[PDB]
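Before any questions on binding or motion, here is one chain by itself as structure tokens, the form deposited without the named molecule.
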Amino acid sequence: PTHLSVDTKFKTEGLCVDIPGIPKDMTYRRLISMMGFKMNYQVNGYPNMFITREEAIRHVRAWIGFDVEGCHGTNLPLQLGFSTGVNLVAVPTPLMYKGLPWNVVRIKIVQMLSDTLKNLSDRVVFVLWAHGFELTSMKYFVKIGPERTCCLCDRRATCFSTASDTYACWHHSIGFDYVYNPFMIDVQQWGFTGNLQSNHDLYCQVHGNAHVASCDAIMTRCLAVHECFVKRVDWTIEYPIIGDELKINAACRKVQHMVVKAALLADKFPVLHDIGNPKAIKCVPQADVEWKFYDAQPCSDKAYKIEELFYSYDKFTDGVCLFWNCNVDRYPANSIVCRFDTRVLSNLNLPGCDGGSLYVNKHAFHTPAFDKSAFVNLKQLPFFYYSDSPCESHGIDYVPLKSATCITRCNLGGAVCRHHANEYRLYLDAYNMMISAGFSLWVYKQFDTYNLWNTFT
């Protein structure tokens, strides 16, 4: 039950305006044949061009919305739209390109997909709101066959070249002209009422409709992300490592310990309200503070309202509140906050629904749109490094460190020791790693690193 059987029925009602007379009774087997492809009763890793919802969710990094609009059916030009914002016009002789024959259009498609996907996934999943022209145009830039490996590496093959008769992955596809063994899924098979725009606009106000193919491609993928990662959530699905996931996650634990420990030392809060992930552990386990946990799963739709989190019947105004990746609409003044900036560009952060983003780091977290007004009661947390550890070098070469933000006994004494200089530069790299990944740090306005110097006396 892991792959989509080709004998599964395909609802054709959405196709009958582009393809009048299409049979109501239709399987994927007959649909693929109708699209001009032949599968040959082949057991070589490619059982179906179309995939299940579950397989699509596991390969969300490969999702490319795809739409085709009749520009004027073999006799008229076609506008090819992709969720990358690209519009290509193919002739049978926000970006918008003029009409060109299929033999040059397919070269642009391979280049576009390869640059988009090489650092994201081992494949492409075309996300469709299928009405006909997009399915019948695939024969002009798609080749299928047995699963293969790249001619220059061990990755699976995603492209084919008619010039050299060879195969390549996204990384080595320069000059290739055909997409090889792509995957696809028709969102309209999921049981919607009404057209694409009416269903998309139920949940998203960020993507308009300029009535060009790329806008439909964007809305289609956006609707799919909402259905699979907003209204539905599955945190059991694991995703492969494609970047600095481990360093980013390790940096997050180190910065969280550093910031909370220093806030407790500087202001001596009697109680800390740890609001968020119900799997949370004390990040400063040796602190004397009264540590109270409050369970809140990561919100995937709208940011939590602070009124429903705190109230409905309790003294969150006592001490300090810790919101580590707990997105609320407005943080109280006595808060320590880590909030993911959905606007960040990285291979881990995919475009999301209604201004949000889909952050995929081991697991997929759809995150509500970043909002600067949520931090009005707070200020940005400045960088600093604090350590009460002994100045002792145990066991890399050294240039003396000078920094006003190395809060250690040795710097209080006027000369940073080598150990705390090593730890400072290691923490600075971790801090910059986490900030670059899109995380932002905010703190109550009274926070002052000057209060940490007298923790050495």
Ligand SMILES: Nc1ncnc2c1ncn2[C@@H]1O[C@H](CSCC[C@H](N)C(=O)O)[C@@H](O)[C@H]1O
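We number the residues from 1 along the sequence you see.
In what follows, reference is made to the form deposited with the named molecule bound, a form of this protein that is not presented.
Novice: Classify as open or blocked. Procedure: superimpose site C-alphas, place the named molecule with its pose in the deposited bound form, test each ligand atom against backbone and C-beta atoms at 2.4 Å; 3 or more hits mean blocked.
Specialist: Placed partner shows the pocket blocked.
Novice: Quick one: is residue 166 in contact with the named molecule in the deposited bound form, heavy atoms, 4.5 Å cut-off?
Specialist: Residue 166: no, not in contact with the named molecule in the deposited bound form.
Novice: I'd like to know whether residue 326 contacts the named molecule in the deposited bound form, with contact meaning heavy atoms within 4.5 angstroms.
Specialist: Yes - in the deposited bound form, heavy atoms of residue 326 and the named molecule come within 4.5 Å of each other.
Novice: Give a yes or no for residue 297: in the deposited bound form, does one of its heavy atoms lie within 4.5 Å of a heavy atom belonging to the named molecule?
Specialist: Yes, residue 297 sits close enough to the named molecule in the deposited bound form that at least one of its heavy atoms falls within 4.5 Å.
Novice: In the deposited bound form, is there a heavy atom of the named molecule that lies within 4.5 Å of any heavy atom of residue 381, even though the partner is absent here?
Specialist: No, residue 381 stays farther than 4.5 Å from the named molecule in the deposited bound form.
Novice: Can you work out which of 370, 203, 365, 192 has a heavy atom no more than 4.5 Å from the named molecule in the deposited bound form?
Specialist: That would be 365.
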